[PDB]
Each structure stands twice: as C-alpha cells, then as structure tokens.
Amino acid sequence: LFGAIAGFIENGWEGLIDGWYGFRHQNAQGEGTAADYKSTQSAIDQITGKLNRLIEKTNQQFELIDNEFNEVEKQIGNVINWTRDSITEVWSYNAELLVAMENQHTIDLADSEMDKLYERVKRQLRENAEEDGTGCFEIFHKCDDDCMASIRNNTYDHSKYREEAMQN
C-alpha cells in the first residue's frame, strides 16, 4: 500500500465522472475540474489485463464416472464421491485465495497510480511551489487556465516562472 487513496487524501471526487484521476485547481479565473488520461488509462489497462487472465478456455473435457439414474456400486461410489469432494475443496480454496490476492493487488496498484501521478507533477513544478501535504500543491506564483493546461499536458516550464515564486 502506497498511502494515497484513503491515505493523505481523505476523500474521492464523485464529481469526477470523466476519469479515474484528475486535477482540481483554484486560481482567479473561476474554477474547473479535469481528468488525466495517461494515469486513468494505465490503471484501466492493468485491471483489464486481469480479467483477460481470469476468463480462459480449456480443451479439457471431462466425462461421467457417476450415474444419476442408476447408482453405481457403493464401494466405487464412495471412492468417487470422496475424490470429487477432495477436488471440490481444492478449487474452493484456490478460488478464494485468487480473488483475495488479486483484489489486494488491484487496490494497491490503483493507489500506486495515484502516488505515481502525484510525485511526477511535484517534479515538474520544481521549487516554484511546495507540497501542502494533503494532496494539494501551494503555488507562490499565480498560474492561469492557459498555464494550468500546460501542467496537465506536461509542458509547464520548470524554470521560466521560477525566480518570481522564489522570493515568495
């Protein structure tokens, strides 16, 4: 667990119907919420990869060894039942562990996509801003909706707006 989703981020954005991860800023020119494709998609393409593994085919045919209309001889009957139940326990165990294991990893890799997004944006901004600590970034140079869209698409200049925010 990477400590982000249900970590230092106390809630989730139910207003975000556009994707899995996104940015919500607050400058002067009003307000707006967005969405992040490359973070949303990479996590989506990984969960999708899990179902494609789960759903699988077998050319492994199985036949009858029992008879429902005419009960087989008891001795062989019980050996067959005993064996079938033994295998049933194995598959019930396997199925439970698989899902538990997969779910644990699914959640963690999703939380590991939040932190992976975060820290890279934190790297774009250099010393031109500082970590608020609760998933937010406190800037000391006012950025606009033309400049905000330049951070969303990884084009913000990590220096050509720095010296101004340095004094502050």
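From 1 onward, residues are counted along the sequence shown.
Participant: On mean C-alpha B-factor from the PDB entry, just flag whether 143-151 or 5-13 is the higher one.
Facilitator: Averaged over C-alpha atoms, the B-factors run higher in 143-151.
Participant: Report the stretch with the higher mean CA temperature factor, choosing between 37-45 and 101-109 on the basis of the entry.
Facilitator: The recorded data point to 37-45.
Participant: Can you tell me which of 63, 115, 66, 127 has the highest Cα temperature factor in the record?
Facilitator: The C-alpha B-factor peaks, among 63, 115, 66, 127, at 127.
Participant: Sorting by Cα B-factor within the chain, modelled residues only, which third would residue 29 end up in: lowest, middle or highest?
Facilitator: Highest third, going by the recorded CA B-factors of the chain.
Participant: Ordered by C-alpha B-factor within the chain, which third holds residue 58? Give me lowest, middle or highest, please.
Facilitator: For residue 58, whose C-alpha B-factor we compare with every modelled residue in the chain, the answer is the middle third.
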